[PDB]
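K.L.:
With the entry's author numbering, the residue at position 19 of the sequence shown is 19, and numbering never jumps.
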Amino acid sequence: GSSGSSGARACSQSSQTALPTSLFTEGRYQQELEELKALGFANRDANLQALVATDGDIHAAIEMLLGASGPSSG
């Protein structure tokens, strides 16, 4: 005991048979987009791009939609 931090593997993509379907996220977190529209958003596309970014976790989406990107570069 001295430091505190967890790792457990590093990088692990999970995709093969799956395909990039645009109409595959508008049917998953459809209600979500509507939620943010009330939580304090509206930009569905953005709400999605963020949601999908959080695995469709509106919660994590909010923060991300709140302006909590994190990394910066351009």
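Just so you know, even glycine gets a beta-carbon here, dropped at the ideal spot from N, CA and C.
At 4 residues or longer, what runs of the alpha helix (DSSP H) sit wholly inside the segment 15-41?
P.N.:
Fully enclosed alpha helix (DSSP H) runs of 4 or longer: 30-39.
K.L.:
Check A10 in the structure and name its three-state DSSP category.
P.N.:
By one-based count along the sequence shown, residue 10 stands at place 10. Correct three-state label for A10: coil.
K.L.:
Can you check whether the CB of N47 is closer than 9 angstroms to the CB of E63?
P.N.:
Here residue 63 refers to the residue found at position 63 of the sequence shown. Here residue 47 refers to the residue found at position 47 of the sequence shown. For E63 and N47, no; Cβs fall outside 9 angstroms.
K.L.:
Kindly confirm or deny that the segment 5-19 and the segment 36-53 touch, where touching means at least three C-beta pairs closer than 8 angstroms.
P.N.:
Flag = no, the segment 5-19 and the segment 36-53 do not touch.
K.L.:
Taking the C-alpha atoms as reference points, what is the distance between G74 and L51?
P.N.:
Looking up residue 74 in the sequence shown gives position 74. Looking up residue 51 in the sequence shown gives position 51. Those two C-alpha atoms are separated by around 21 angstroms.
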